[PDB]
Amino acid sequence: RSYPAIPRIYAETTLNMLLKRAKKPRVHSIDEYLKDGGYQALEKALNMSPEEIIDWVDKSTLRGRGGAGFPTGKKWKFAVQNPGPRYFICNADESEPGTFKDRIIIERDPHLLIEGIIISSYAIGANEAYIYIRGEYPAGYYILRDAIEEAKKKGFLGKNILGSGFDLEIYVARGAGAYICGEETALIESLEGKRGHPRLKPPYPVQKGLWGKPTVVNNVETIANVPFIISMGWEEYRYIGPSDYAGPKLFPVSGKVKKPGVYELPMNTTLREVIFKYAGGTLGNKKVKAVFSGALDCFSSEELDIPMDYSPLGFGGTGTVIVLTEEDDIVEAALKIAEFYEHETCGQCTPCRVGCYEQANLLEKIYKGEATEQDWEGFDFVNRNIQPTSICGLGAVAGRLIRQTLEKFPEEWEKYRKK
């Protein structure tokens, strides 16, 4: 079986959990997975009640790895308070800049993700599950389609799984180039065969989701933790990292580091340790200027001693680490972020539609030294006014990272004002 070419992303682990097999850049098929005790957590899960599974996932302290860190067990509890039929959705859209953590699991250990989907679907009583994978991950799509067939042939999917009376089908949908289809309500709209337009929340998908039914949406990485929680038990899982933000976490590190790639580390690791202890420090040993947490936040070199956890002062987000060094122009980097939001706004909300466009248009004038005094004042105003009336997280953060560069690098921005 031949798949499209994929670059071999470097992967390293100190925990040997999500990357036990995925640290090797190749597809691990079902026989190899079974030899490691794969699908044995599913067999144990089918001998537990769905309520006991929700309870262990809750007590494990597992939090959403898609970026918001919402407690997973609590999300599942909300879905099961509502009458069925219910749906389970694996979010494999992964389109945030600098983020390549989820593809590592999909392309190398698809049975870890599949086992997690089966247990999670069983826990919430869903008989249909969906993987929504971005269109620019074609190898991941083909790998998943083949792994699901391998699971079906071994009796892990279909009707009456292992004589449990539990039925499940996993469908794989493909995206077609929209970052907004990563937002869970736009993802659902896309699964329903429409334009990827987010819906006003509340209702959250656990109340009204796919076809208006209770729906759980979880990120690939969140799901890949579920077989470990069942296999080890929640207590053992909770000894990994801080007991309040437990478990392995994947950190996609890129930019000006000696060893760019994915690192599986506990969340008590600091940002400084991620860069210098694990990613081998910086290219040419240049000083760190900034760390971009995807297109969401900008951390300065004064903020490297923070933990990589979901605490109020932790790094949070997806764990995405884009390293910029002393030579990198912050204004040129801010322009790339502005261009990203300009290209990805769905355009439903007027301040987001016009503000994402104007922020990039005016920042480009500033960068080229063609901005008037009015363009400078206009850029400042637009940056502060993308969020009003926004119905999703994109409009709420389109100006966030850029505003942080204005506050943290005033001297560099001031140089452009005089240009």
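Heads up, when I say rigid core I mean the largest set of C-alphas that superpose within 1.5 Å between the two forms. Throughout, we count residues from 1 along the sequence that is shown.
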Response to the item:
Should one compare 172-180 and 236-244 by root mean square Cα distance from the shown form in 7 other deposited structures of this protein, core superposed, the larger belongs to 236-244
Worksheet entry | Greater mean Cα temperature factor according to the PDB record, 17-25 or 402-410 | 402-410
Worksheet item: Averaged over C-alpha atoms, is the B-factor higher for 200-208 or for 144-152 in this PDB entry?
Response: 200-208
Practice prompt. Tell me which of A290, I188, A224, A129 tops the list for C-alpha B factor in the record.
Written response: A290
Worksheet entry | Out of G284, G116, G255, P138, residue topping the C-alpha B-factor column of the entry | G284
Practice prompt. Please rank the C-alpha B-factors of the chain's modelled residues and tell me whether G241 sits in the lowest, middle or highest third.
Written response: highest
Item to complete: Please rank the C-alpha B-factors of the chain's modelled residues and tell me whether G378 sits in the lowest, middle or highest third.
Response: highest
Practice prompt. Classify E344 as lowest, middle or highest third according to the C-alpha B-factor given in the PDB entry, relative to its own chain.
Written response: middle
Worksheet entry | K44 CA temperature factor, ranked by third within the chain | middle
Item to complete: State the tercile, meaning the lowest, middle or highest third, of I391 with respect to the CA B-factors recorded for its chain.
Response: highest
